[PDB]
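The chain below stands alone, shown as structure tokens; this is the form deposited in one PDB entry.
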């Protein structure tokens, strides 16, 4: 299909927020903490609710949404998880992943806590609602789950990327597992066929936190309007010619390589700039626990060394006390 990037329903870094402290074209409520690079929808404190929605409603028939997010927890159990909504009205606050219940639209829930006790969490659940069906919070929406793939998105070394596409009334969710630094490495999760959603509505994201606590970061949100090749009018008369394209593209490439060569000799010319590896950033929970045990053994090591030198000292004292009497 043909994709057009719609800026009014999108945000990304590294200049996500303005000087006022708010995200342009987006309204945030609850405990969301927008930063220069990411938006922390729900921090790692107890009972935190946050949501970021769009101001203007989006009128699309076929759209694509790319969400880059991270869910980080100290333990192996997540708090609530994220929720991506395409709704009719902005539910700024509520008990369903930090958003109001009884919504009219579609919602993808990245549930990370098993309320039902089926040991099937974390899982990605697509739920459509007409505005009169309550969400089964105590059962993770098992009855209302249109399509549910089981995937882990917590404590991944790389940010988890998801792509939700509405095209010919078919909702396709394709999730990058966050194991590789490559962007275009999406792996299929689920699809829902013949789902009716409102023609116009608000795009939003939300997060909540229960007993345990997770950090719910959202790094980027990209919205693409999708049009069929036959439906979109080409209108080639507005284009001037390919001659200007051929005259500009090679000079753009030449400028790029000239700037690269210009920066090459001054990247190492000034030694003030320093890098930092990202491999040591990632560490598994079990690896961290084993490292904690190994670090705790050092106190025993040092105490044994001190005891050994004290025993040696008392041995020397006895040796020098042997010859005093005779």
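Numbering follows the first chain given and starts at 1. Whichever C-alpha set is largest while still superposing within 1.5 Å between the two forms counts as the rigid core.
The same protein also exists as the form deposited in another entry; that form is not shown, yet it is the one meant from here on.
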Quiz item: With both forms fit on the core, has residue 305 moved 2 Å or more by CA between this form and the one not shown?
Solution: yes
Please state whether residue 55 has a C-alpha shift of 2 Å or more between this form and the one not shown, with the rigid core used for the fit. no
Next on the checklist: How about residue 266 - superposed on the rigid core, does its CA move between this form and the one not shown by 2 Å or more?
Outcome noted: no
Against the displayed form, residue 292 vs residue 156 by Cα, in the other entry, with 3 angstroms or more change: pair is closer
Checking the C-alpha spacing of residue 290 and residue 177, a student should find that in the other entry it changes by 3 angstroms or more, with the atoms closer
